[PDB]
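Listed here are the chains, written in short residue letters.
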There are 2 protein chains.
Amino acid sequence: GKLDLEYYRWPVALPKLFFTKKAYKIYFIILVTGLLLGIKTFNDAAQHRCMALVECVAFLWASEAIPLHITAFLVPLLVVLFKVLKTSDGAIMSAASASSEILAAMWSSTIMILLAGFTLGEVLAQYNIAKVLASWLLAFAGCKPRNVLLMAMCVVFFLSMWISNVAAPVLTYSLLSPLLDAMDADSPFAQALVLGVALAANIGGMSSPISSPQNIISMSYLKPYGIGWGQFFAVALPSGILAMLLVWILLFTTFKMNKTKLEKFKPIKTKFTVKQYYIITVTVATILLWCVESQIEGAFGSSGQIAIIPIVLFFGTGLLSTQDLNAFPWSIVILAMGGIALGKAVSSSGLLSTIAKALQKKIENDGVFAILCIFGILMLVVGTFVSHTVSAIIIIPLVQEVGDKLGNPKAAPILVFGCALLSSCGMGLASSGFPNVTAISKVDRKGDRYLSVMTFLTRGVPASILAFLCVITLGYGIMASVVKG
Amino acid sequence: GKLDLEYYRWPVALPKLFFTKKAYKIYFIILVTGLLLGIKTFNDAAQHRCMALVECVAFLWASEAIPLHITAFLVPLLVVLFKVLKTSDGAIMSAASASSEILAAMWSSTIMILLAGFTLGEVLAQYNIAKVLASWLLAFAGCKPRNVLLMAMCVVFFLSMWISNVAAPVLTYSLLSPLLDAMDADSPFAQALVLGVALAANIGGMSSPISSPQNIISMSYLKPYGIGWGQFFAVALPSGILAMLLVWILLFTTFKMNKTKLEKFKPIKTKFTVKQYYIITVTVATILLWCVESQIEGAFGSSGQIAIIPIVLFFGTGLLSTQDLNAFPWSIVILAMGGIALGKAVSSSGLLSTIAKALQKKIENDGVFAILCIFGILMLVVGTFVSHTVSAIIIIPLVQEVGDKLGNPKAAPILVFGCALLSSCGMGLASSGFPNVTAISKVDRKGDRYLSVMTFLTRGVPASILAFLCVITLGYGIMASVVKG
Ligand SMILES: CCCCCCCCCCCCCCCCCC(=O)OC[C@H](COP(=O)(O)O)OC(=O)CCCCCCCCCCCCCCCCC
Ligand SMILES: CCCCCCCCCCCCCCCCCC(=O)OC[C@H](COP(=O)(O)O)OC(=O)CCCCCCCCCCCCCCCCC
Ligand SMILES: CCCCCCCCCCCCCCCCCC(=O)OC[C@H](COP(=O)(O)O)OC(=O)CCCCCCCCCCCCCCCCC
Ligand SMILES: CCCCCCCCCCCCCCCCCC(=O)OC[C@H](COP(=O)(O)O)OC(=O)CCCCCCCCCCCCCCCCC
Ligand SMILES: CCCCCCCCCCCCCCCCCC(=O)OC[C@H](COP(=O)(O)O)OC(=O)CCCCCCCCCCCCCCCCC
Ligand SMILES: CCCCCCCCCCCCCCCCCC(=O)OC[C@H](COP(=O)(O)O)OC(=O)CCCCCCCCCCCCCCCCC
Ligand SMILES: CCCCCCCCCCCCCCCCCC(=O)OC[C@H](COP(=O)(O)O)OC(=O)CCCCCCCCCCCCCCCCC
Ligand SMILES: CCCCCCCCCCCCCCCCCC(=O)OC[C@H](COP(=O)(O)O)OC(=O)CCCCCCCCCCCCCCCCC
Ligand code: NA
Ligand code: NA
Ligand code: NA
Ligand code: NA
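Residues numbered from 1 in each chain as written, not as in the entry; some residues may be left out. Chains lettered and ligands numbered in written order. Heavy atoms only, no water.

A. Examining the domain arrangement of chain A more closely. Residues and elements named next belong to chain A. For chain A, the domain assignment lists domain 1 (1-103) and domain 2 (109-334 + 425-482). Computed over C-alpha atoms only, the centres of domain 1 and domain 2 are separated by 32 Å. If you look at the interface, domain 1 gives seven residues, while domain 2 gives seven residues. Together domain 1 and domain 2 conceal approximately 690 Å² of surface at their shared face, both sides included; 74% is due to carbon and sulfur atoms. Contact with domain 2 buries area across many residues of domain 1, yet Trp61, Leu68 and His69 alone supply 51% of it, more than any other trio. On inspection of domain 1 and its partner domain 2, the count reaches one salt bridge. A salt bridge links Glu64 to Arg449; the nearest nitrogen and oxygen atoms lie 3.6 Å apart. Among the elements of the structure, α2 (45-63) and α3 (68-81) are those that each provide at least two residues to the side of domain 1 that touches domain 2. In terms of residues, the side of domain 1 that touches domain 2 owes the most to one element, α3, which gives four residues. Of the residues in the side of domain 1 that touches domain 2, the class split is five nonpolar, one polar and one charged. (Domains from an automatic or database assignment. Contact = heavy atoms within 4.5 Å. Buried area = accessible area lost by both parts, 1.4 Å probe. Salt bridge = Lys/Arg side-chain N within 4 Å of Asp/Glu carboxyl O. Helix = DSSP H or I, 4+ residues; strand = E, 2+ residues; numbered from the N terminus. Nonpolar A, V, L, I, M, F, W, Y, C, P; charged D, E, K, R; others polar.)

B. Representation of the relation of the copies chain A and chain B within the structure. Here chain A sits on chain B after a turn of 180 degrees about the axis and a move of 0.0 Å along it, with an RMSD of 0.0 Å. Given the turn and translation reported, the copies of this chain are related as if by a two-fold rotation axis. Among all C-alpha atoms of chain A, that of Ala104(A) lies closest to the rotation axis, at 2.3 Å. (Least-squares fit on C-alpha atoms.)

C. Main features of the site of ligand 5. The local shell around ligand 5 consists of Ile309(A), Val312(A), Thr33(B), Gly34(B), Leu37(B), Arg49(B), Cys56(B), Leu74(B), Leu77(B), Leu78(B), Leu81(B) and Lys83(B). Chains contributing residues to the immediate surroundings of ligand 5 are chains A and B. Protein contacts shield 58% of the accessible area of ligand 5, which totals 1,000 Å² for the unbound molecule. Put simply, the parts of the chain that give the shell around ligand 5 at least two residues each are α16 (308-315) of chain A together with α1 (21-38), α2 (45-63) and α3 (68-81) of chain B. With four residues, the top contributor of residues to the shell around ligand 5 is α3(B). (Near = heavy atom within 4 Å. Areas by Shrake-Rupley, 256 points an atom, 1.4 Å probe, with all protein chains shown as cover.)

D. Structural detail: the packing of aromatic side chains. All names here are of chain A. For the structure on display, the rule yields 26 aromatic pairs over all chains. Between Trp162 and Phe233, the aromatic rings sit 6.0 Å apart at their centres with planes inclined by 55 degrees, giving tilted as the arrangement. Here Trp162, found in helix α7 (residues 145-163), pairs with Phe233, found in helix α12 (residues 229-254); they are 71 residues apart in sequence, far enough to count as distant. Taken together, the aromatic side chains of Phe158, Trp162, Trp229 and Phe233 make up a single cluster linked through ring pairs. Stacked on the ring of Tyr8, the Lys or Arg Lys16 has its end atom at 4.3 Å from the ring centre. (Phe/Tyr/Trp six-rings, centres within 6.5 Å; stacked < 30°, edge-to-face > 60°. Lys NZ or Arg CZ within 6 Å of the ring centre and 35° of its normal.)

E. Representation of the site of ligand 7 in the model. The environment of ligand 7 is formed by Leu81(A), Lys83(A), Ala285(B), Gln295(B), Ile296(B), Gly298(B), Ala299(B) and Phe300(B). Surrounding ligand 7 are residues belonging to chains A and B, so the site spans chains. Across the complex, the protein chains shield 34% of the 1,100 Å² of accessible surface that ligand 7 would expose by itself. Per-element accounting of the shell around ligand 7 gives the leading share, three residues, to helix α14 (residues 297-300) of chain B.

F. The arrangement of the nonpolar core in detail. Counting 361 residues, the largest nonpolar core has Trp107(A), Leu115(A), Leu149(A), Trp290(A), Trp107(B), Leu115(B) and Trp290(B) as the members making the most contacts within it. Not counting chain neighbours up to four residues away, the residues in contact with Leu115(A) comprise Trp107(A), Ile311(A), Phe328(A), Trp330(A), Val333(A) and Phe73(B). (Core = buried A, V, L, I, M, F, W, Y, C linked by side-chain atoms within 4.5 Å. Buried < 20%, exposed > 50% of the residue type's maximum accessible area, 1.4 Å probe, protein only.)

G. Geometry of the coordination of the sodium ion (ligand 9). All names here are of chain A. Protein coordination at the sodium ion (ligand 9) comes from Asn215 (OD1), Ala420 (O) and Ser424 (OG), with a distance range of 2.3 to 3.1 Å. Within one chain, the residues donating to the sodium ion (ligand 9) are spaced in sequence as N-x204-A-x3-S. Judged by relative accessible area, which is 0%, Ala420 ranks as buried. (Donors = N, O, S within 2.8 Å, 3.2 Å for Na, K, Ca; no water.)

H. Broad picture of the coordination of the sodium ion (ligand 12). Residues and elements named next belong to chain B. The coordination sphere of the sodium ion (ligand 12), as far as protein atoms go, consists of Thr384 (O) and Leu429 (O), spread over 3.0 to 3.1 Å. You can see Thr384 sitting in the loop between α20 (368-383) and α21 (388-404) and its partner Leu429 sitting in the loop between α22 (411-422) and α23 (434-440), a full 45 residues away along the chain. Summarising the burial analysis for this pair, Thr384 and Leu429 share the class buried.

I. Spatial organisation of helix α13 (residues 274-291) of chain B. All names here are of chain B. The terminal C-alpha atoms of α13, which comprises 18 residues, lie 25 Å apart, in line with the 26 Å expected from a rise of 1.5 Å per residue. The set of residues buried in α13 consists of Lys275, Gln276, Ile279, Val282, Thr283, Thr286, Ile287 and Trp290. Buried residues of α13, seen end-on, are gathered within an arc of 130 degrees and therefore sit on one face of the element. On its buried side, α13 packs onto α5 (109-126), α6 (129-141), α7 (145-163), α8 (168-175), α15 (303-306) and α16 (308-315). (Expected span 1.5 Å × (residues − 1). Arc of directions from axis to C-beta.)

J. Expanded view of the interface of chain A and chain B. On the side of chain B, 58 residues touch chain A, which itself brings 58 residues to the contact. Buried area between chain A and chain B, summed over both chains or domains, comes out near 4,800 Å², and the portion from carbon and sulfur atoms is 69%. Counting the surface chain A buries against chain B, the share from its top three residues, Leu3(A), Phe73(A) and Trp107(A), is 15%. Viewed at the interface, chain B and chain A are joined by zero salt bridges. Summed over the shared surface of chain A and chain B, the number is 12 residue pairs in polar contact. For the side of chain A that touches chain B, the secondary structure elements donating two or more residues are α3, α4 (95-106), α5 (109-126), α13 (274-291), α14 (297-300), α16, α17 (322-326) and α18 (330-349) of chain A. When residues in the side of chain A that touches chain B are grouped by element, the largest group, eight residues, is from α3(A). Along the lines of polarity and charge, the residues of the side of chain A that touches chain B split into 34 nonpolar, 18 polar and six charged. (Polar contact = N/O pair within 3.5 Å; in protein donor to acceptor, adjacent residues only side chain to side chain.)

And the structure:
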């Protein structure tokens, strides 16, 4: 509310907001975006402008020159200013059509799932269910910080296996509240816990055939090859478990959390009440409906429609108030919507399809292992900046054609399965993916964020190579026998 | 956070939440919805189910059995459960397609405009611009509460004339903060001010050719008849002014606001600073870009894209924090999204078109005045429950065909103009329309809402008849000469 500004005076009078590090970052970003737009890169004008748009948004997010959710607000404006969206015929949309098309894509089923996760976390924490459940988990984990970390990653991984990683990190953070609440933002162990839940949700989003949209989509292509739930699990669960264990070792090695004193946790043995039993029943029913979504999709259509049921049943019954809904992390929602809009712009432009078909023209005729590693590297570099769902939708159909032409009869299922698993390894950027967006916005009791974008870059990029070597070594070894062709 | 419930005991043990008035309202609503679904009403099954859906949502909103923003969350779920959405060929959408199509309609351009209005109000109130401007307006208004009311309605009406009533009520409430802040929720004058700003924004949404989407759409049809900006103003501005004056008389007559003591307001004559000048410049530029949106639509596409500019320029420069964005009235946003979803369901099912074509087959061959009054009554009963934009989009094309077949050569322009003006008169329900949704959510310093849905029904329904008699008497009299044919 201060109405005063600082000036550099005669050195005739320019304010000091034009000479800060944020101003320098913005100058550099504008410079690079203008250079990309001016210099001819892609033959297609929409793809040429979408390359500049992707670079601009990615640099703005990585440098964090402005708040991450504000770049998310800025994405739709640039999608209309940079005429990147195209119609089905392939012509550039008019600005009005592009605006209506880009504002529609932000609100989606996963926004509903995230809001339901917020509702469930608040209702479990407010009525002492999460506190009771966190006394049995923390009793099993013990008094070693690395073991509590392992328990938290295992819990979020198992949750993401069945209900996906849109809402699993929120629920795990809600169960972690009895421990995270009394931890300052500069505590190494608290940072390790938040980052570990984020990374383990990212890894768990690739294990079960229903753990992510890119897994259901991949199974749609994989089914004709005879791959079922058991074959998918035998390959994707060991890979995810090994990747999660390696990331856990990285986390308790790179963080100075091992020398910490943890409160001894004796499990709470109180009896739940009728209100608490109602909350537990609604939570369990919502989780179960999220697990069997494909068998009730003819009525509900999506998990975002199922996500409404807890919201209505907890807010409509007075268990949660209007102030509780206004206290939701809406910056997380805005950041997620911005990520979705950027992915939709990339898909509509055709930018990623051209990159993927240019890669396809070179690495083809190569062996199945090499086409797997090169494409996995591609979706590891694209997936950390673009949504994994969009990247999988574009690439999984192409690797199928690449493998359908090879002499190996097991080549196509192996490539589709591998690219499905490797489509979730990009986790280095804190402003891409629901688990990452949730963890970057977590704040302590005083309001300071536990994690910066730099910590996410320094750990989640090594945690992306770790989750990528576990798929092309263990996962490929399991596919070599499991996949029959 | 209380884990205990009350029971009726042996009268063997049923809790007391099943015998409250809210439970009775819900029982009645389920009863009526099931009776509507069971009894055959409309030949089209989707329209027959949409009638029950509209009745259910309207009754839930009017009775306030559950919070209004929670019925807004419930609307998309019922749009999928009640299979009311249809494809372009007229076949019922699959639940997945219906879910993806109904969640895409919640986030729109007007949501962005409302968020920008929140941003502008917070940035003007936080940096003392609004308190400076409210010292010159309240000096002109004087020390009579009815005159302050007149000034507030005039300000919001003039704002809605140029930038529409999506953000004008928010800006007017921000300007009224120096007066509304120190007023408790049970004060008659505060309730009169909030309701008056709501009602005057509703009336102002019909005056200028760019005051509402149903005015731009109507001008699109009116242009071939020779009607221009001057002809539109000569008819719509006197009608709006008279309706606003009659509503102001209703407000200072039905509220015990006339016996009140108001603080003497001396104009604040301080000089703005560079930061305040930057805020003023950005606000004025955003308003001006909203006024000339049709001349810059080839670049921006919508006013919701223009609405992003203040958000980025105020949040990205640090003038507003993340906590300021989390303190936004998000229940208003959810309620608006629910209204939009209900309107889209009504449009897709074809329910409103069938009612409007059933009316058209009866009232046709009558005089131009009678077809005007009957259709205006229809859009006054539909517009208070369904969005005015959807109702206008459905009906304005039909009254054109009704008038194009009459013997009067001025019949079609008169009917299109009248139905454009009468499409904004429905203002009786507090959960329909941006000005109404904004006013029903306003809270005092202690958190108590100024207005209930009952107050909105008791004053805005007589304020809807008042705004409807002003169009068919003054407006029609002006059209009788202004319209040439
Ligand atoms: C309104 C005040 C600021 C509001 C908030 C600030 C951020 C949003 C507004 C500014 C964004 C850039 C608008 C101007 C360029 C749009 C692109 C365009 O016209 O089409 C491409 C443009 C024209 O394509 P057209 O759409 O076919 O006309 O490409 C070209 O062929 C010409 C490019 C020449 C170089 C122009 C210099 C632009 C530098 C990059 C600026 C990006 C900054 C993003 C924000 C970062 C900091 C926050
Ligand atoms: C002055 C510019 C340099 C400034 C320094 C920083 C700029 C950051 C670089 C970001 C990418 C922009 C440069 C790439 C342009 C290549 C276009 C080209 O040669 O096309 C010819 C060539 C022919 O045009 P066509 O007829 O459209 O096929 O295009 C291709 O076939 C594709 C070439 C490969 C393009 C790779 C682009 C990057 C992929 C990853 C995207 C997602 C990550 C975004 C963040 C980047 C950082 C990791
Ligand atoms: C206690 C906590 C709250 C949670 C409780 C919710 C439990 C109920 C949800 C599961 C029921 C769904 C079973 C039907 C799904 C299969 C559809 C199918 O096979 O499609 C064929 C069929 C058409 O064939 P298709 O086009 O090939 O799918 O699909 C339909 O037409 C869908 C049938 C609509 C059924 C209406 C009821 C939906 C569930 C009620 C909504 C929630 C209110 C619950 C109130 C209490 C009731 C217990
Ligand atoms: C076959 C005959 C069916 C009869 C009609 C259906 C009856 C069951 C559904 C409607 C229940 C309405 C009465 C209870 C809710 C009103 C009170 C309230 O919300 O506050 C409670 C109350 C606060 O209000 P207070 O006690 O009045 O202060 O909150 C609680 O104590 C916790 C809530 C406990 C359970 C309430 C909801 C139970 C129903 C959920 C099951 C599925 C509902 C499906 C709805 C559509 C059905 C087609
Ligand atoms: C899951 C637990 C509760 C969650 C939150 C509570 C509110 C949402 C869930 C309940 C909403 C109603 C679901 C069951 C009926 C759906 C309609 C349907 O199946 O299609 C029409 C249904 C079937 O059409 P179909 O879609 O072609 O199968 O219409 C008919 O022809 C049969 C109608 C017979 C009467 C059924 C009784 C329903 C009573 C109305 C309930 C509405 C209550 C709304 C909530 C108010 C309180 C909050
Ligand atoms: C047991 C039911 C009574 C329970 C008591 C409370 C019910 C509240 C009434 C809400 C409306 C539902 C009843 C109307 C059904 C008429 C259908 C009919 O006769 O069609 C035959 C008839 C022939 O079917 P067709 O082949 O589809 O044309 O339909 C028509 O031509 C249209 C008939 C006029 C329908 C008027 C419906 C109401 C218009 C306003 C909608 C927006 C406001 C929503 C809130 C209402 C309160 C103001
Ligand atoms: C200080 C507070 C901030 C506000 C300042 C913003 C002021 C600038 C906005 C107004 C400029 C728009 C003029 C062009 C609109 C007419 C388009 C037309 O005739 O369509 C034909 C033409 C195509 O014909 P059509 O398909 O029939 O429309 O439309 C276009 O291609 C659109 C041209 C794109 C121009 C790129 C620049 C857009 C404005 C820059 C975005 C904001 C960043 C400002 C940075 C500082 C620069 C001052
Ligand atoms: C032709 C050559 C063009 C050169 C490149 C364009 C330069 C102008 C646009 C970029 C300005 C970047 C430096 C200033 C902003 C960083 C500091 C900040 O946000 O905090 C300020 C500062 C807080 O940060 P602190 O002072 O560092 O603590 O807040 C203020 O004092 C109020 C903000 C005053 C005005 C700042 C924004 C002015 C630019 C708006 C005009 C349109 C922008 C269009 C962007 C895209 C262009 C293509
Ligand atoms: Na995956
Ligand atoms: Na990422
Ligand atoms: Na109107
Ligand atoms: Na209304």
